[PDB]
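Let's start with one chain on its own, the form deposited in one PDB entry, as structure tokens.
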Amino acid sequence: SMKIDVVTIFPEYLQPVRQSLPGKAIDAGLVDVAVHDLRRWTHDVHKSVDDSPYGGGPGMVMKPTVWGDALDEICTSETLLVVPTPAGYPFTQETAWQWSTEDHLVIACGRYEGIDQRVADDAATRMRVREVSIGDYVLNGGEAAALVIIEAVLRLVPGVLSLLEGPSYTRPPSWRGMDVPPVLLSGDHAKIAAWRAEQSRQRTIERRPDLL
């Protein structure tokens, strides 16, 4: 049973998430994903969510007063507050496993140059906060990261949704001049397992030497 609240100035970005959820899991109360427009918590007629960076520099910074009100409303002391950021700790499968048993995730999606640091710092005085990066590339905001996190976590929640894996094959046995490796059709399952293990080792050496 997990509640996920996502806060964003682009609520439509998260439409695929609510789409990918099977009715049975929602009906069984296993998962609830809610998306909130950050501008609900703006103070002014111009619905401002950003402002110039102290110390100067390019880009804009999201306002702490707006974010503070939104998180005040949405979070509780039991919330795990997830803040995507290119400067975050790495989000890995181990993280996804850990978060998969949480009762309440709140994902705060930044835009522009990010969120005033006091927002996370204030939140961390009364709840668990996790600033996380999903990889070593730069996005325009947290929304695509939220999609990735939500998918990786929820597929580990029952019934809701190391070396590298080697190549996989299915029918037909021959296609465009390329045969499925004969060992796979051999019925020697010890040999198949060893062949797969060796494929995995080779692929890891070639693609991800860092894992070795």
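All residue numbers refer to positions in the sequence shown, first residue = 1. Heads up, when I say rigid core I mean the largest set of C-alphas that superpose within 1.5 Å between the two forms.
Form deposited in another entry: not shown, discussed below.
A.B. asks: Taking only shifts of 2 Å or more in Cα after a rigid core superposition between the shown form and the other one, tell me which of 182, 29, 172, 57 qualifies.
C.D. replies: Only 29 moves by 2 Å or more at its C-alpha.
A.B. asks: Relative to the superposed rigid core, does residue 202 relocate between the shown form and the other one - that is, does its Cα move 2 Å or more?
C.D. replies: No, residue 202 moves less than 2 Å.
A.B. asks: Is the CA-CA spacing of residue 40 and residue 21 tighter or wider in that other deposited form than here, given a 3 Å or more change?
C.D. replies: Relative to the displayed form, residue 40 and residue 21 move farther apart in that other deposited form - a change of at least 3 Å between their C-alphas.
A.B. asks: Assuming the CA distance changes by 3 angstroms or more, are residue 21 and residue 35 closer together or farther apart in that other deposited form compared with the shown structure?
C.D. replies: It is farther: the C-alpha separation of residue 21 and residue 35 rises by at least 3 Å in that other deposited form.
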